[PDB]
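The file protein-v4.txt contains compact mmCIF, C-alpha atoms and all ligand atoms:
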```txt
# COMPACT_ATOMS: atom_id res chain seq x y z
CA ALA T 1 -91.92 -139.35 -37.28
CA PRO T 2 -94.31 -137.61 -35.04
CA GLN T 3 -96.41 -140.24 -33.24
CA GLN T 4 -99.63 -138.20 -33.46
CA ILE T 5 -99.56 -138.25 -37.26
CA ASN T 6 -98.67 -141.95 -37.32
CA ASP T 7 -101.49 -142.90 -34.97
CA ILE T 8 -104.14 -140.64 -36.53
CA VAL T 9 -103.35 -141.94 -40.03
CA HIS T 10 -103.11 -145.63 -39.16
CA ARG T 11 -106.22 -145.65 -36.93
CA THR T 12 -108.27 -144.13 -39.77
CA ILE T 13 -106.80 -145.88 -42.86
CA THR T 14 -106.46 -149.47 -41.59
CA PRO T 15 -110.20 -149.94 -40.99
CA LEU T 16 -110.91 -148.13 -44.27
CA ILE T 17 -108.72 -150.52 -46.24
CA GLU T 18 -110.33 -153.43 -44.41
CA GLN T 19 -113.92 -152.27 -44.85
CA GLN T 20 -113.48 -151.25 -48.51
CA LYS T 21 -111.23 -154.19 -49.57
CA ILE T 22 -108.66 -151.79 -51.05
CA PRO T 23 -105.72 -153.72 -52.56
CA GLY T 24 -103.19 -150.90 -52.26
CA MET T 25 -103.09 -147.38 -50.88
CA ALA T 26 -100.72 -144.46 -50.46
CA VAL T 27 -101.39 -141.51 -48.15
CA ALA T 28 -99.52 -138.24 -47.65
CA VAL T 29 -100.20 -135.85 -44.83
CA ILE T 30 -98.86 -132.33 -45.20
CA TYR T 31 -98.45 -130.93 -41.70
CA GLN T 32 -96.98 -127.49 -41.11
CA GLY T 33 -96.09 -127.64 -44.79
CA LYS T 34 -93.99 -130.86 -44.65
CA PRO T 35 -95.03 -134.30 -46.06
CA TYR T 36 -95.36 -137.60 -44.22
CA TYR T 37 -95.96 -140.74 -46.25
CA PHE T 38 -97.76 -144.01 -45.58
CA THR T 39 -98.19 -147.03 -47.83
CA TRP T 40 -100.17 -150.29 -47.70
CA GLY T 41 -100.73 -153.37 -49.80
CA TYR T 42 -100.21 -154.07 -53.46
CA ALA T 43 -99.75 -152.14 -56.71
CA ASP T 44 -99.91 -155.44 -58.61
CA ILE T 45 -101.44 -158.37 -56.74
CA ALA T 46 -100.42 -161.06 -59.28
CA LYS T 47 -96.76 -160.02 -59.39
CA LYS T 48 -96.70 -159.26 -55.63
CA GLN T 49 -95.48 -155.69 -56.16
CA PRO T 50 -95.99 -153.50 -53.07
CA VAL T 51 -97.27 -149.95 -53.08
CA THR T 52 -94.28 -147.62 -52.61
CA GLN T 53 -93.72 -143.83 -52.68
CA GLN T 54 -92.85 -144.25 -56.41
CA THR T 55 -96.04 -146.13 -57.35
CA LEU T 56 -98.14 -144.38 -60.03
CA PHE T 57 -101.89 -144.18 -59.51
CA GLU T 58 -104.59 -142.97 -61.92
CA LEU T 59 -105.91 -139.70 -60.50
CA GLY T 60 -109.11 -139.77 -62.57
CA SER T 61 -110.98 -136.48 -62.05
CA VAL T 62 -108.35 -135.13 -59.63
CA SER T 63 -106.69 -134.38 -63.05
CA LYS T 64 -109.14 -131.47 -63.30
CA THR T 65 -107.15 -129.59 -60.64
CA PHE T 66 -104.15 -129.64 -63.00
CA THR T 67 -106.36 -128.58 -65.95
CA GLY T 68 -107.74 -125.70 -63.86
CA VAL T 69 -104.30 -124.43 -62.83
CA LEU T 70 -103.01 -124.80 -66.42
CA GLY T 71 -106.03 -122.70 -67.51
CA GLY T 72 -105.27 -120.17 -64.78
CA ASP T 73 -101.66 -120.00 -66.00
CA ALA T 74 -102.90 -119.26 -69.57
CA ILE T 75 -105.08 -116.43 -68.16
CA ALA T 76 -102.09 -115.07 -66.27
CA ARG T 77 -100.05 -115.24 -69.50
CA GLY T 78 -102.73 -113.14 -71.29
CA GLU T 79 -103.36 -115.99 -73.76
CA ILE T 80 -107.05 -116.44 -72.86
CA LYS T 81 -109.81 -114.75 -70.84
CA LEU T 82 -112.52 -116.62 -68.94
CA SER T 83 -114.94 -113.99 -70.26
CA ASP T 84 -114.15 -114.93 -73.88
CA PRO T 85 -116.74 -116.80 -75.97
CA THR T 86 -116.00 -120.44 -76.60
CA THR T 87 -116.30 -119.65 -80.33
CA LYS T 88 -113.31 -117.26 -80.18
CA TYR T 89 -111.10 -120.37 -79.82
CA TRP T 90 -113.19 -122.73 -81.98
CA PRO T 91 -114.52 -120.84 -85.00
CA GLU T 92 -116.02 -124.01 -86.56
CA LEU T 93 -118.42 -123.98 -83.54
CA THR T 94 -121.14 -121.97 -85.31
CA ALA T 95 -124.37 -123.36 -83.78
CA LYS T 96 -126.43 -120.58 -82.16
CA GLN T 97 -126.72 -122.31 -78.75
CA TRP T 98 -123.05 -121.39 -78.21
CA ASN T 99 -123.80 -117.66 -78.23
CA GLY T 100 -123.05 -116.54 -74.66
CA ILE T 101 -121.23 -119.71 -73.57
CA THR T 102 -117.83 -118.57 -72.29
CA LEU T 103 -114.66 -120.36 -71.23
CA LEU T 104 -115.75 -119.68 -67.62
CA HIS T 105 -118.90 -121.72 -68.25
CA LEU T 106 -116.90 -124.59 -69.70
CA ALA T 107 -114.36 -124.56 -66.87
CA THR T 108 -117.02 -124.56 -64.11
CA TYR T 109 -119.68 -126.94 -65.55
CA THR T 110 -122.20 -124.09 -66.01
CA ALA T 111 -122.59 -124.06 -69.83
CA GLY T 112 -126.18 -125.39 -69.45
CA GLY T 113 -126.04 -129.18 -69.34
CA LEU T 114 -123.00 -130.48 -71.20
CA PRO T 115 -122.96 -134.20 -70.39
CA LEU T 116 -120.98 -136.06 -67.76
CA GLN T 117 -119.17 -138.03 -70.47
CA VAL T 118 -118.18 -137.35 -74.02
CA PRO T 119 -119.83 -140.26 -75.86
CA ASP T 120 -117.55 -143.29 -76.47
CA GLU T 121 -118.42 -143.13 -80.17
CA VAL T 122 -116.75 -139.70 -80.46
CA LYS T 123 -113.27 -140.61 -81.73
CA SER T 124 -112.14 -138.13 -84.39
CA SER T 125 -111.81 -134.35 -84.40
CA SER T 126 -114.80 -134.25 -86.81
CA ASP T 127 -116.81 -136.42 -84.38
CA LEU T 128 -115.95 -133.94 -81.57
CA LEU T 129 -117.12 -130.91 -83.59
CA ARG T 130 -120.31 -132.72 -84.55
CA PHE T 131 -120.98 -133.60 -80.88
CA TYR T 132 -120.63 -130.02 -79.56
CA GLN T 133 -122.45 -128.50 -82.58
CA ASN T 134 -125.41 -130.86 -82.04
CA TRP T 135 -125.54 -130.53 -78.25
CA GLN T 136 -128.68 -128.75 -76.98
CA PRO T 137 -128.54 -127.03 -73.60
CA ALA T 138 -131.18 -127.73 -70.97
CA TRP T 139 -130.49 -124.38 -69.25
CA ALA T 140 -129.32 -120.87 -70.07
CA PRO T 141 -125.58 -120.28 -69.51
CA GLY T 142 -124.45 -119.63 -65.94
CA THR T 143 -127.66 -120.82 -64.26
CA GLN T 144 -127.09 -124.52 -63.41
CA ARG T 145 -124.04 -126.59 -62.48
CA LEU T 146 -123.77 -130.10 -63.88
CA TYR T 147 -120.43 -131.78 -63.26
CA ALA T 148 -119.13 -132.83 -66.67
CA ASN T 149 -115.97 -134.21 -68.27
CA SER T 150 -117.22 -132.83 -71.62
CA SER T 151 -117.31 -129.29 -70.14
CA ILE T 152 -113.91 -128.87 -68.44
CA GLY T 153 -112.42 -131.24 -71.05
CA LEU T 154 -113.26 -128.73 -73.77
CA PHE T 155 -112.03 -125.84 -71.62
CA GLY T 156 -108.65 -127.59 -71.28
CA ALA T 157 -108.35 -128.18 -75.02
CA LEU T 158 -109.26 -124.54 -75.90
CA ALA T 159 -107.19 -122.99 -73.11
CA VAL T 160 -103.91 -124.15 -74.70
CA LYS T 161 -104.78 -123.24 -78.32
CA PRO T 162 -103.16 -119.80 -78.36
CA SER T 163 -99.91 -121.30 -77.00
CA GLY T 164 -99.70 -123.62 -80.03
CA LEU T 165 -98.71 -126.41 -77.62
CA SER T 166 -100.56 -129.68 -77.34
CA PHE T 167 -102.40 -130.04 -74.02
CA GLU T 168 -99.80 -132.58 -72.80
CA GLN T 169 -96.84 -130.38 -73.87
CA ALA T 170 -98.38 -127.33 -72.19
CA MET T 171 -99.06 -129.29 -68.97
CA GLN T 172 -95.51 -130.75 -68.95
CA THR T 173 -93.66 -127.51 -69.61
CA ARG T 174 -95.89 -125.05 -67.70
CA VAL T 175 -97.04 -127.05 -64.65
CA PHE T 176 -95.21 -130.38 -64.10
CA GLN T 177 -91.67 -129.26 -64.91
CA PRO T 178 -91.71 -125.96 -62.94
CA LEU T 179 -93.13 -127.71 -59.85
CA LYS T 180 -90.64 -130.64 -60.22
CA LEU T 181 -93.42 -133.14 -60.61
CA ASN T 182 -91.02 -135.49 -62.40
CA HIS T 183 -93.12 -138.64 -61.91
CA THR T 184 -96.45 -137.19 -63.02
CA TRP T 185 -97.70 -138.10 -66.50
CA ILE T 186 -100.57 -137.85 -68.95
CA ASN T 187 -99.05 -140.80 -70.80
CA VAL T 188 -96.95 -143.15 -68.66
CA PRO T 189 -93.55 -143.63 -70.39
CA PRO T 190 -91.98 -147.10 -70.78
CA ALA T 191 -89.30 -146.12 -68.21
CA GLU T 192 -91.99 -145.74 -65.55
CA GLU T 193 -94.19 -148.80 -66.45
CA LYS T 194 -92.71 -150.90 -63.61
CA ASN T 195 -94.18 -148.34 -61.15
CA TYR T 196 -97.64 -148.12 -62.71
CA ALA T 197 -100.16 -149.78 -60.38
CA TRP T 198 -103.00 -151.90 -61.71
CA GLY T 199 -106.46 -150.67 -60.81
CA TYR T 200 -108.89 -153.30 -59.57
CA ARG T 201 -112.55 -153.46 -60.50
CA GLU T 202 -114.56 -156.51 -59.48
CA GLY T 203 -111.24 -158.28 -58.85
CA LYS T 204 -109.89 -157.63 -62.36
CA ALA T 205 -106.76 -155.61 -63.13
CA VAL T 206 -107.67 -152.61 -65.26
CA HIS T 207 -106.21 -149.35 -66.54
CA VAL T 208 -108.06 -146.32 -67.86
CA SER T 209 -109.06 -146.54 -71.54
CA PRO T 210 -108.34 -143.82 -74.13
CA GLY T 211 -111.20 -141.43 -74.74
CA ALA T 212 -111.86 -138.03 -76.29
CA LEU T 213 -110.60 -135.21 -74.04
CA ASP T 214 -109.24 -137.78 -71.56
CA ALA T 215 -105.98 -135.91 -70.80
CA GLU T 216 -107.99 -132.80 -69.95
CA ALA T 217 -110.65 -134.33 -67.69
CA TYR T 218 -109.25 -137.49 -66.15
CA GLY T 219 -105.92 -138.55 -67.64
CA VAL T 220 -103.18 -137.79 -65.10
CA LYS T 221 -101.17 -140.48 -63.29
CA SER T 222 -98.95 -139.57 -60.33
CA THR T 223 -97.07 -140.77 -57.24
CA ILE T 224 -97.84 -139.98 -53.62
CA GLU T 225 -94.67 -137.83 -53.50
CA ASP T 226 -95.59 -135.70 -56.50
CA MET T 227 -99.17 -135.36 -55.24
CA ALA T 228 -97.89 -134.20 -51.85
CA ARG T 229 -95.80 -131.62 -53.73
CA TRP T 230 -98.93 -130.63 -55.73
CA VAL T 231 -100.78 -130.02 -52.44
CA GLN T 232 -97.81 -128.01 -51.09
CA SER T 233 -97.83 -125.87 -54.26
CA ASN T 234 -101.58 -125.18 -53.99
CA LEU T 235 -101.29 -124.54 -50.21
CA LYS T 236 -98.59 -121.90 -50.68
CA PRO T 237 -98.55 -120.51 -54.25
CA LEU T 238 -96.52 -117.42 -53.27
CA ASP T 239 -93.48 -119.76 -52.87
CA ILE T 240 -93.70 -120.57 -56.60
CA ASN T 241 -91.16 -118.58 -58.58
CA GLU T 242 -92.87 -118.83 -62.00
CA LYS T 243 -95.16 -115.81 -61.82
CA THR T 244 -97.87 -116.93 -64.25
CA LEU T 245 -98.10 -120.34 -62.48
CA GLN T 246 -98.31 -118.72 -59.03
CA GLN T 247 -101.14 -116.53 -60.38
CA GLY T 248 -102.77 -119.53 -62.14
CA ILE T 249 -102.91 -121.45 -58.86
CA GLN T 250 -104.61 -118.46 -57.21
CA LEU T 251 -107.10 -118.14 -60.07
CA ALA T 252 -107.99 -121.82 -59.77
CA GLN T 253 -109.02 -121.33 -56.11
CA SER T 254 -111.08 -118.21 -56.78
CA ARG T 255 -114.81 -118.59 -56.06
CA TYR T 256 -116.85 -118.30 -59.29
CA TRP T 257 -120.19 -119.87 -58.30
CA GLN T 258 -121.93 -121.05 -55.17
CA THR T 259 -124.33 -123.95 -54.73
CA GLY T 260 -125.40 -124.87 -51.20
CA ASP T 261 -122.25 -124.47 -49.09
CA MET T 262 -119.79 -125.20 -51.90
CA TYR T 263 -117.90 -122.86 -54.19
CA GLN T 264 -116.69 -123.81 -57.66
CA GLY T 265 -113.11 -122.98 -58.61
CA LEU T 266 -111.22 -124.03 -61.69
CA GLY T 267 -111.02 -127.78 -61.06
CA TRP T 268 -110.81 -127.20 -57.29
CA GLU T 269 -113.97 -126.99 -55.17
CA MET T 270 -113.97 -125.05 -51.90
CA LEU T 271 -115.99 -124.61 -48.70
CA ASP T 272 -115.50 -122.22 -45.82
CA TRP T 273 -113.37 -123.57 -43.00
CA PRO T 274 -114.47 -124.72 -40.46
CA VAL T 275 -116.70 -127.04 -42.46
CA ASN T 276 -119.69 -129.03 -41.41
CA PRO T 277 -118.23 -132.54 -41.86
CA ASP T 278 -121.67 -133.95 -42.68
CA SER T 279 -121.90 -131.45 -45.50
CA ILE T 280 -118.62 -132.39 -47.22
CA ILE T 281 -119.03 -136.10 -46.51
CA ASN T 282 -122.64 -136.38 -47.72
CA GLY T 283 -122.03 -133.79 -50.44
CA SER T 284 -119.20 -135.90 -51.90
CA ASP T 285 -121.65 -138.67 -52.68
CA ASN T 286 -122.22 -138.77 -56.42
CA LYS T 287 -125.93 -138.62 -55.71
CA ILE T 288 -125.26 -134.98 -54.91
CA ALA T 289 -121.91 -134.31 -56.66
CA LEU T 290 -123.17 -135.35 -60.13
CA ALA T 291 -126.64 -133.70 -59.78
CA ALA T 292 -127.75 -130.58 -61.68
CA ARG T 293 -127.95 -127.75 -59.15
CA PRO T 294 -128.80 -124.04 -59.45
CA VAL T 295 -125.83 -121.72 -59.04
CA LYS T 296 -125.45 -118.22 -57.62
CA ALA T 297 -122.95 -116.16 -59.60
CA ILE T 298 -120.21 -114.63 -57.47
CA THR T 299 -119.92 -111.26 -59.20
CA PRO T 300 -116.99 -110.67 -59.24
CA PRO T 301 -115.28 -113.90 -58.12
CA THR T 302 -113.76 -113.92 -54.60
CA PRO T 303 -109.97 -114.34 -54.65
CA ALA T 304 -108.68 -117.56 -53.07
CA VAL T 305 -109.82 -117.68 -49.43
CA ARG T 306 -107.21 -118.97 -46.97
CA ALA T 307 -109.81 -120.23 -44.47
CA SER T 308 -111.11 -122.85 -46.93
CA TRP T 309 -111.39 -126.58 -47.20
CA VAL T 310 -110.15 -126.98 -50.77
CA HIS T 311 -110.63 -130.41 -52.31
CA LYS T 312 -111.30 -132.77 -55.22
CA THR T 313 -112.44 -136.38 -55.45
CA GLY T 314 -111.58 -138.41 -58.53
CA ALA T 315 -111.84 -141.92 -59.89
CA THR T 316 -111.31 -144.23 -62.76
CA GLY T 317 -112.72 -147.75 -63.23
CA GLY T 318 -109.96 -149.15 -61.05
CA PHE T 319 -108.82 -146.23 -58.83
CA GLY T 320 -110.12 -143.78 -56.24
CA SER T 321 -108.33 -140.63 -55.20
CA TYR T 322 -108.97 -137.67 -52.90
CA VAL T 323 -107.02 -134.49 -52.20
CA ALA T 324 -107.95 -131.87 -49.57
CA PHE T 325 -106.14 -128.98 -47.93
CA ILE T 326 -106.65 -126.00 -45.65
CA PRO T 327 -104.37 -123.07 -46.60
CA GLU T 328 -104.99 -121.28 -43.27
CA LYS T 329 -103.58 -124.27 -41.38
CA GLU T 330 -100.73 -125.41 -43.71
CA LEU T 331 -102.53 -128.76 -43.59
CA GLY T 332 -103.41 -131.24 -46.35
CA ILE T 333 -103.92 -134.83 -47.37
CA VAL T 334 -103.66 -137.02 -50.43
CA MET T 335 -105.23 -140.46 -50.50
CA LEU T 336 -104.53 -142.69 -53.55
CA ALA T 337 -105.99 -146.18 -53.93
CA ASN T 338 -106.17 -148.80 -56.70
CA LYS T 339 -109.86 -149.46 -56.06
CA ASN T 340 -112.71 -147.07 -56.88
CA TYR T 341 -114.40 -147.02 -53.44
CA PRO T 342 -117.20 -144.60 -52.44
CA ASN T 343 -116.47 -140.87 -52.19
CA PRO T 344 -117.95 -140.36 -48.72
CA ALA T 345 -115.63 -143.00 -47.22
CA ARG T 346 -112.68 -140.98 -48.62
CA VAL T 347 -113.86 -137.66 -47.32
CA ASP T 348 -114.84 -139.06 -43.91
CA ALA T 349 -111.32 -140.50 -43.51
CA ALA T 350 -109.71 -137.27 -44.67
CA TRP T 351 -111.86 -135.21 -42.23
CA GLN T 352 -111.01 -137.42 -39.29
CA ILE T 353 -107.30 -137.16 -40.04
CA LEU T 354 -107.17 -133.40 -40.68
CA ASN T 355 -109.57 -132.51 -37.86
CA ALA T 356 -107.39 -134.47 -35.40
CA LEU T 357 -104.29 -132.59 -36.61
CA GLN T 358 -105.84 -129.11 -36.92
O1 LIG C 401 -112.34 -146.03 -66.20
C1 LIG C 401 -112.57 -145.05 -66.94
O2 LIG C 401 -112.41 -145.04 -68.17
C2 LIG C 401 -113.02 -143.75 -66.28
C3 LIG C 401 -112.64 -142.55 -66.87
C4 LIG C 401 -113.02 -141.34 -66.30
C5 LIG C 401 -113.76 -141.31 -65.13
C6 LIG C 401 -114.14 -142.51 -64.54
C7 LIG C 401 -113.77 -143.73 -65.11
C8 LIG C 401 -114.86 -142.16 -63.40
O3 LIG C 401 -115.35 -142.95 -62.59
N1 LIG C 401 -114.92 -140.83 -63.29
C9 LIG C 401 -115.66 -140.17 -62.19
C10 LIG C 401 -116.77 -139.23 -62.74
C11 LIG C 401 -117.64 -140.06 -63.71
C12 LIG C 401 -117.43 -139.85 -65.06
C13 LIG C 401 -118.14 -140.55 -66.01
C14 LIG C 401 -119.09 -141.49 -65.64
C15 LIG C 401 -119.31 -141.73 -64.29
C16 LIG C 401 -120.26 -142.67 -63.92
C17 LIG C 401 -120.49 -142.92 -62.57
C18 LIG C 401 -119.78 -142.21 -61.62
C19 LIG C 401 -118.85 -141.27 -61.99
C20 LIG C 401 -118.58 -141.02 -63.33
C21 LIG C 401 -114.76 -139.49 -61.11
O4 LIG C 401 -113.66 -139.02 -61.46
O5 LIG C 401 -115.21 -139.51 -59.94
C22 LIG C 401 -114.28 -140.28 -64.33
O6 LIG C 401 -114.15 -139.07 -64.54
```
Could you render the structure as structure tokens?
Ligand SMILES: O=C(O)c1ccc2c(c1)C(=O)N([C@H](Cc1cccc3ccccc13)C(=O)O)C2=O
Amino acid sequence: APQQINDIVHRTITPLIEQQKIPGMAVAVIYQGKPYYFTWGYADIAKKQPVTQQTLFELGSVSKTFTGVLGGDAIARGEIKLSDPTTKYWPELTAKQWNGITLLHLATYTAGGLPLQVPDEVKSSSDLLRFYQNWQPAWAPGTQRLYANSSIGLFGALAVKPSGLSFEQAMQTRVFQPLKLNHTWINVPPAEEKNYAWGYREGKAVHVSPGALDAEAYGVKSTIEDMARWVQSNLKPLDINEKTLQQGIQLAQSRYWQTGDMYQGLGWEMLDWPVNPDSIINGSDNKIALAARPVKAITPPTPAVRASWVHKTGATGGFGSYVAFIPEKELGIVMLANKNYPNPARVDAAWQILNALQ
């Protein structure tokens, strides 16, 4: 399997694993549309279980790409509109600060300062209502971007309401099943527990804890194979036979807002290709990525641009993931690890690999 891919991947990932003390890692390169897989180290150090192509990793915020596409699919189905008020789908949400906050704002972190995290103390449905009712925006809608689980988490929950399906049922039936992502889960079933890697934080084995709107913002677990197939599907949506899903994928990669050289999609973030590597690498740092930044509205949104670097970083306490692809070039990468190591190290590695193959 072509020596160039082997050498480029190994020369980049070996030092990375060494420098970052990553216990286990899986990488897929999609090259001319076909996947090539690489694995290192341990899914479970104590039980000596190796990382394989069937190992499940916590995607953390890479989950938002699925939420975005599921939202796009609901738009394509005519179930929701991004221009609709949040209150259309949550009538109990009567506080006046919600006037003018649309599903677009929720999906794209531009509601006006919804927090990074839903508070841990928010457990019940009543707690959730109270939280959003009592939330006071720092900014007018559609003026500042502040990356937030509480923002896209709510979008995900509201997007599926007209369907009558739970978020998990909607995701399963409308995204996972059609794309044959048969080892991708919001809740890992007992049958698949043997494949579920431990995450490692400060040397301790850890898994993500339950939280409000977790499924919607950070709750997906997947294998390197399914994630490669996810990249393939997002690289080439016209190959997808389910029409609403094909359209949903395209809607997720539309450009809604710009800040600096990045464009906000639904879950996905995009930059023009060719990229300045410094820009994506430094920009991935959560110093920049989690900062409040002014946005320029793209009125109307630009349809998915083929000459894009399309990507998403994501983490949990014990895992670090990165996905990136370039539609123009039929080129992509997935990097899954059971340590949460710094974003810029991920993106640097990804750049080196894809730039060498481009
Ligand atoms: O272990 C957990 O329970 C857990 C759950 C969700 C996220 C994380 C951990 C997590 O690190 N992230 C980040 C974003 C994030 C969310 C919430 C608080 C954060 C604090 C510092 C850095 C990133 C955070 C990501 O996906 O990159 C998450 O979105």
Which one is closest to residue 79 of chain T: T:149, T:159, T:19, T:271? Count only C-alpha atoms.
-> T:159
Residues near segment 255-266 of chain T, cut-off 7 Å, all atoms listed in the file, skip fewer than 6 positions along chain, as a list in words |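 In the requested form, the answer reads residues 65, 68, 107, 108, 293, 294, 295, 296, 297, 298, 301, 302, 303 and 304 of chain T.
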Environment of ligand LIG 401 (chain C) within 6 Å, counting all atoms listed in the file, reported as number ranges by chain = T: 60-61, 116-117, 208-209, 218, 314-317
Rounded to one decimal in Å, what is the spacing between atom CA of residue 248 of chain T and atom CA of residue 163 of chain T?
->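 Between atom CA of residue 248 of chain T and atom CA of residue 163 of chain T the gap works out to 15.2 Å.
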Just the residues within 6 Å of residue 284 of chain T, please, counting all atoms listed in the file, with nothing from its chain fewer than 4 positions along; format it as a ChimeraX atom specification.
-> /T:280,289,343-344
Which of these, T:36, T:42, T:200, T:167, has the shortest distance to residue 24 of chain T once you count all atoms listed in the file?
->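 When distances to residue 24 of chain T are compared using all atoms listed in the file, the smallest one comes from T:42.
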Atom CA of residue 2 of chain T and atom CA of residue 330 of chain T are how many Å apart?
-> 16.3 Å
Do you have the atom CA of residue 35 of chain T-atom CA of residue 313 of chain T distance handy?
->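 Rounded to one decimal, the two atoms are 19.9 Å apart.
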Mind checking which residues fall within 9 Å of residue 5 of chain T, counting only C-alpha atoms, ignoring those fewer than 3 positions away in the same chain, and posting them as a ChimeraX atom specification?
-> /T:1-2,8-10,29,31,36,353,356-357
Judged by only C-alpha atoms, the minimum distance to residue 203 of chain T among T:245, T:288, T:228, T:22 is found for T:22
Between T:46, T:188, T:305, T:179, which is the closest to residue 252 of chain T once you count only C-alpha atoms?
->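 Nearest candidate to residue 252 of chain T out of T:46, T:188, T:305, T:179: T:305.
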Give the answer as one residue: which of T:186, T:17, T:26, T:104 has the shortest atom-to-atom distance to residue 80 of chain T, using all atoms listed in the file?
->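 The closest residue to residue 80 of chain T is T:104.
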Within-12 Å shell of (-98.9, -151.7, -59.4) in input frame, only C-alpha atoms, as JSON, numbers by chain | {"T": [23, 24, 25, 26, 40, 41, 42, 43, 44, 45, 46, 47, 48, 49, 50, 51, 52, 53, 54, 55, 56, 57, 58, 192, 193, 194, 195, 196, 197, 198, 199, 200, 205, 206, 207, 223, 318, 319, 337, 338, 339]}
Mind checking which residues fall within 10 Å of residue 148 of chain T, counting all atoms listed in the file, ignoring those fewer than 6 positions away in the same chain, and posting them as a ChimeraX atom specification?
-> /T:106-111,113-118,217,290
I need the chosen residues saved as a CSV table (one decimal), in the frame of the given file, with C-alpha atoms.
```
chain,number,residue,atom,x,y,z
T,106,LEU,CA,-116.9,-124.6,-69.7
T,107,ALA,CA,-114.4,-124.6,-66.9
T,108,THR,CA,-117.0,-124.6,-64.1
T,109,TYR,CA,-119.7,-126.9,-65.6
T,110,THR,CA,-122.2,-124.1,-66.0
T,111,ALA,CA,-122.6,-124.1,-69.8
T,113,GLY,CA,-126.0,-129.2,-69.3
T,114,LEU,CA,-123.0,-130.5,-71.2
T,115,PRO,CA,-123.0,-134.2,-70.4
T,116,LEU,CA,-121.0,-136.1,-67.8
T,117,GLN,CA,-119.2,-138.0,-70.5
T,118,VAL,CA,-118.2,-137.4,-74.0
T,217,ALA,CA,-110.6,-134.3,-67.7
T,290,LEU,CA,-123.2,-135.4,-60.1
```
Which protein, DNA or RNA residues have an atom at most 12 Å from (-104.3, -112.2, -66.9), counting only C-alpha atoms? List them as a PyMOL selection string.
-> chain T and resi 71-83+243-248+250-251
Give the answer as one residue: which of T:331, T:140, T:310, T:30 has the shortest atom-to-atom distance to residue 97 of chain T, using all atoms listed in the file?
-> T:140
Near residue 122 of chain T, counting only C-alpha atoms, which residues have an atom at most 12 Å away, once you skip same-chain residues fewer than 3 positions from it, shown as a list in words?
->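 In the requested form, the answer reads residues 117, 118, 119, 125, 126, 127, 128, 129, 130, 131, 132, 150, 210, 211, 212, 213 and 214 of chain T.
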Axis-aligned box for all listed atoms of segment 204-222 of chain T, 5 Å per side, centre and edges in Å to one decimal, as JSON:
```
{"center_x": -105.4, "center_y": -145.2, "center_z": -68.3, "size_x": 22.9, "size_y": 34.8, "size_z": 26.0}
```
Provide segment 123-131 of chain T rebuilt to N, CA, C and O atoms, formatted as a PDB file, in the coordinates of the input.
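Dumped to out_5.pdb:
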```pdb
ATOM      1  N   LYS T 123    -114.682-140.226 -81.606  1.00  0.00           N
ATOM      2  CA  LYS T 123    -113.270-140.610 -81.730  1.00  0.00           C
ATOM      3  C   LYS T 123    -112.449-139.520 -82.402  1.00  0.00           C
ATOM      4  O   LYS T 123    -111.440-139.062 -81.851  1.00  0.00           O
ATOM      5  N   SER T 124    -112.885-139.101 -83.588  1.00  0.00           N
ATOM      6  CA  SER T 124    -112.140-138.130 -84.390  1.00  0.00           C
ATOM      7  C   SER T 124    -112.397-136.675 -84.008  1.00  0.00           C
ATOM      8  O   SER T 124    -113.321-136.361 -83.252  1.00  0.00           O
ATOM      9  N   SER T 125    -111.594-135.784 -84.569  1.00  0.00           N
ATOM     10  CA  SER T 125    -111.810-134.350 -84.400  1.00  0.00           C
ATOM     11  C   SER T 125    -113.159-133.913 -85.018  1.00  0.00           C
ATOM     12  O   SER T 125    -113.844-133.027 -84.481  1.00  0.00           O
ATOM     13  N   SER T 126    -113.525-134.537 -86.142  1.00  0.00           N
ATOM     14  CA  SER T 126    -114.800-134.250 -86.810  1.00  0.00           C
ATOM     15  C   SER T 126    -115.969-134.716 -85.941  1.00  0.00           C
ATOM     16  O   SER T 126    -116.982-134.026 -85.838  1.00  0.00           O
ATOM     17  N   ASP T 127    -115.816-135.889 -85.324  1.00  0.00           N
ATOM     18  CA  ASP T 127    -116.810-136.420 -84.380  1.00  0.00           C
ATOM     19  C   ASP T 127    -117.002-135.435 -83.220  1.00  0.00           C
ATOM     20  O   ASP T 127    -118.133-135.205 -82.784  1.00  0.00           O
ATOM     21  N   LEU T 128    -115.896-134.895 -82.703  1.00  0.00           N
ATOM     22  CA  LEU T 128    -115.950-133.940 -81.570  1.00  0.00           C
ATOM     23  C   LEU T 128    -116.727-132.671 -81.928  1.00  0.00           C
ATOM     24  O   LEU T 128    -117.579-132.220 -81.165  1.00  0.00           O
ATOM     25  N   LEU T 129    -116.400-132.087 -83.082  1.00  0.00           N
ATOM     26  CA  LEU T 129    -117.120-130.910 -83.590  1.00  0.00           C
ATOM     27  C   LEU T 129    -118.615-131.205 -83.713  1.00  0.00           C
ATOM     28  O   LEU T 129    -119.454-130.441 -83.253  1.00  0.00           O
ATOM     29  N   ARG T 130    -118.934-132.320 -84.350  1.00  0.00           N
ATOM     30  CA  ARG T 130    -120.310-132.720 -84.550  1.00  0.00           C
ATOM     31  C   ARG T 130    -121.046-132.788 -83.197  1.00  0.00           C
ATOM     32  O   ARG T 130    -122.129-132.216 -83.030  1.00  0.00           O
ATOM     33  N   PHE T 131    -120.419-133.451 -82.227  1.00  0.00           N
ATOM     34  CA  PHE T 131    -120.980-133.600 -80.880  1.00  0.00           C
ATOM     35  C   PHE T 131    -121.326-132.250 -80.222  1.00  0.00           C
ATOM     36  O   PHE T 131    -122.445-132.066 -79.731  1.00  0.00           O
TER      37      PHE T 131
END
```
